[PDB]
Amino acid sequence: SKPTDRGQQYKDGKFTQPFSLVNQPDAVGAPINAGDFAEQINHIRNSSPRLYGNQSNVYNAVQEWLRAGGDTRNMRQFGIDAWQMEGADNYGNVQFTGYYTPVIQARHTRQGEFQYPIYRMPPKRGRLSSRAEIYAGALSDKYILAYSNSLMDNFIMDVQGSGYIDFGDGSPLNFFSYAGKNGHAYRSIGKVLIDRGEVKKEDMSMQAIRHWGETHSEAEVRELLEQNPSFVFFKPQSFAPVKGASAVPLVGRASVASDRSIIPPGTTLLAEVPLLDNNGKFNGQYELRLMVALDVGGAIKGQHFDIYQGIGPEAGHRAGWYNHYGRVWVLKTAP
């Protein structure tokens, strides 16, 4: 009837439309990320001047409001309208998932836990080998770019097509991009997990696949991954800050991926974000933050938001691996 296990709340009435204008958002206090929000807007200003010009009236009003105190009760003084989203259940519970930029730990030689090679493009002959054959050592060692400490991390990098690598020697972060693919068509690992009853369809995502790997043995991970005979090859690439589809560098917890047809890029959002414990479970608390839609995702549709958590392990922990719920108000100004 009315579950609360994932952060759902029912104190804002029943919604009859996708967005509803409220006199004052049901959120106490001020956003906690004013600095990050400003930094995010500055990135839009410099990286996407066209988008900035079109939304500047909103950003300016929000900035003025924040400097004056940022309390949600004083938003109207600045012409800021708050449109509450009905969410996934028409009770205002907005579906939230998280994503982040992983930093793969790797070494130049195979040592200790680092035993999973990441490859550059081999000759056409070697490209014919399946993932299983490659895992078995079908390719020469001269094509190995690095030895990671996680087979699952390598796969997630395969799907993404690129990834950041830390060799642990204090040198600059390494970036590797898509160079090519092997001669085998890919198969969905997520579909395999869904068919096996291991992961729920609605909770399926790259993060969910990541969590499955963490809760399973090396043999089980390898067995699963081998169900996809495709394999990806990479090449060194000059470092570039993480950007969303909008081409704007993303600021952790100040940006989201959203459905363009519902929440256009550049849209300002005030959100009560559900916090998670060490097991990825809603811990009872929420954080009031401002965020801008600056990315998209293949499975991020409707009123579902994918919060960019940032880069590294901490961002990874905050990302979670299944659906959670918060409240969101789209901020706009009336002419």
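Position 1 is the first residue in the sequence shown; the rest follow in order.
When the C-alpha B-factors of 122-130 and 158-166 are averaged, 122-130 comes out higher.
For the segment pair 191-199 and 147-155, the entry gives 191-199 the higher mean B-factor, averaged over Cα atoms.
Out of 77, 72, 228, 140, the entry records its largest CA B-factor for 140. In the PDB entry, residue 211 places in the highest third of its chain by CA B-factor. Ranked by C-alpha B-factor against the other modelled residues of its chain, residue 235 falls in the middle third. Per-chain ranking of the deposited C-alpha B factor places residue 104 in the lowest third. Residue-level temperature factors show residue 306 in the middle third of its chain, judged at the C-alpha atom.
Sort the modelled residues of the chain by CA B factor and residue 271 lands in the middle third.
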